[PDB]
Structure formats: structure tokens, C-alpha cells
């Protein structure tokens, strides 16, 4: 319990109208940056509009996925591999997912061949795959059996010097996963390894306060935490859970423009802290990308920050970003690995993403949507 942790708990269901003023202020950029980002975003979108579930899986096995990664790695992309599987319901399921993560780390770490955590591939895990009652069991007990398993995987990732990222899932599990992150970052057995990563979801009202906590945790622990900033994949489920809960105040925003403002405000916070964290800006939205690209300034080196995208979704955009003929910024591809069976839940989230009229990836193909609208700055519209 600390002041920084208390700010997280207090924001859980803070009224949406009270959350926004600090985010609007933090997301307000200078005119020069807004004009430059509008220019870059227009160029990216004009390139995109000149362009156009097997498409979402990189390979059935990690051996297959590693082989298919060589082409894009020489173009300037990196990878984070996702062994598909989540929401384990039995001990045997959780055990199989653990062994899949373990064998993937060995294969990825050997494939990395000393490239390190920024140039080389990493892995992403879901805590719900590793505990059989993750969402339906008491938080303290879950962390007690979960911690040995995650620490063991982190130690393997440290052995090979690869990244290991904890994906973010439902809002009611943020606190648990955050407690696990702190324990690992203070664990002396993992010293000297900067590969521990953590996702934060900008559609959550707690997002800026989680980031404050993580930035301070990195500074005091000496671990350069990899922080993947996403908007959030579970919006429809969080709304439906909240409506059943009968609460007037949800843990997430209810207007897409509020999430957009929150993302930019949180990106500003992360870019001001690149000494102690490694920001990873996961988005397919060209306006969001352009804003962050200019927010970050003229100084860049590999390891300062990176972009990220999903396999099968982000390559048309990020082919206009990676490489010396483009923006010369790196992008890490999130790469699902597994069978069609384990793919289903991920596919459903991709459908809610790709099929929503509010999504950038749908609007880019919508004849009713002008380029002028696609490059609108969310602060100026909110």
C-alpha cells in the first residue's frame, strides 16, 4: 500500500466527467506538433487507402512461426509470440499452457541468439492461462500459486535475454497482475534483466495512475519495464459486466474519443520517462501513431521506444513506418501461435475490433469517412 497504489484504487470507477480534464490537458500538443502530426497522418492514410482466421495466426507451432519471421525481421520488424490459450478451466489446461510457454521460451531464446530484448524476439503470456480459476478465485490465493510459475518463466527469459510480457485482460484482474509485476521487479533472482513487460489499457480510468506506479517502480527497482500501451480489447465485455453490476460508473470509458484522449495523454507520460521504462505503442490508428511519432521528438535510438501491431492487421500501416525510407522507427509484431481451436477467442476479439464502425481499421475502408476526419486530433474534437 502506497500513495501511488491508492491513486489507482480511487480511480477505479471515478466519474467519466472527472477523469477527462487532466487527460485533455496532458494530451494537448503544441500547434507545431499538431500540424506536423496532421501532415504525417495524412501521408500515412493516403498510402493506406492506396492499399486494401488464418490471416491472424503466424504459425501452428513456434518452430513454424520462427521460420516465417525471418523475412520481416530483416525489414526492421521484431516479434512477440503469443502461444494461444487463455481462461484455463482445469489444472490440466493450466499445466499444458505452462508447458507451451516454457517450450516457446526455449525456442525463442535460442532463436534470439543474443540479439537482446529490443532487437530480438520476445514472448507474451496471459495470467488466465496459468491459473485454473484465475477470474473466479480469491486474488491473494491466485497470486500465491501463480507467482512461482511466472517467476520460473521469467528466469528462463532472463537466461536467454528475451522480453516476457504480461498481457492485460479484464479490468477486475488489473490489481492482481500489478501486484505480481511488483514482486518480480523486486526479486533479486531476476536482476540485470530488463525484459519484463506489462500491458496497460487506455480505456481504463486507472490507466494514468497505473503508469505513474509503474514508472516509479521501474525507477526504484532498476528494471527498465517494457510498457505496452494499448487502448483495450474487452470493451463490450466490460460494459456488459458493468451493466449487470448495476453501477452508474464503469471501470472503462464509454465514448471512443475519451479512450483516444487517454491514450495520447498516457503516451505523453511514457515518453517523458524513457530513461526508466521502454514504451511500446500498440496501435493500428495512423493518427495515433503520427501524434506519438512527433511527440517523441527528433532524438531516437533503438531501445528508446517502439511501436507494435497485430499480425495480419498492422503490416500495411507499418510498412510505411519501419525502415530508412520511411519513418525509421521499429515495430514489434504480436504473433499468435497455435491451432484453430485455441484461436477462437482471439478471433472473436479481432471481429469486435475490425467490425466496429468506430474502429480505425474499418473507417479507413469506409467511403463515408473523409481523410480530414481520420486525421482529426481527438483533443480538438472532445
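Residue numbers count along the first chain shown, from 1. Throughout, rigid core stands for the largest set of C-alpha atoms superposing within 1.5 Å between the two forms.
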Next on the checklist: Can you check whether 138-146 or 187-195 lies farther from the displayed model in 8 other deposited structures of this protein, averaging C-alpha distances as RMS after superposing on the core?
Outcome noted: 138-146
Checklist entry - When the other structures are laid on this one by the rigid core, do the CA atoms of 43-51 or of 309-317 sit farther away in 8 other deposited structures of this protein? => result 43-51
Checklist outcome for this item: residue 52 to residue 53: deposited residues not modelled, binned count -> 10 or more
Next on the checklist: Going by the mean C-alpha B-factor recorded in the entry, which is higher: 136-144 or 166-174?
Outcome noted: 136-144
Checklist entry - Looking only at CA atoms, which has the higher mean B factor in the entry: 251-259 or 284-292? => result 251-259
Checklist outcome for this item: Among 299, 275, 212, 102, highest Cα B-factor in the entry goes to 299
Item to check | Out of 340, 43, 332, 326, highest CA B-factor residue | outcome: 340
Checklist entry - If you rank every modelled residue in this chain by C-alpha B factor, which third holds residue 336: lowest, middle or highest? => result lowest
Next on the checklist: Please say which third, lowest, middle or highest, residue 311 falls into when its CA temperature factor is compared across its chain.
Outcome noted: lowest
Checklist outcome for this item: Entry-reported C-alpha B-factor of residue 73 relative to its chain, by third, is middle
Checklist entry - In terms of the chain's CA B-factor thirds, is residue 155 lowest, middle or highest? => result middle
Checklist entry - Where does residue 121 sit by CA temperature factor within its chain: lowest, middle or highest third? => result lowest
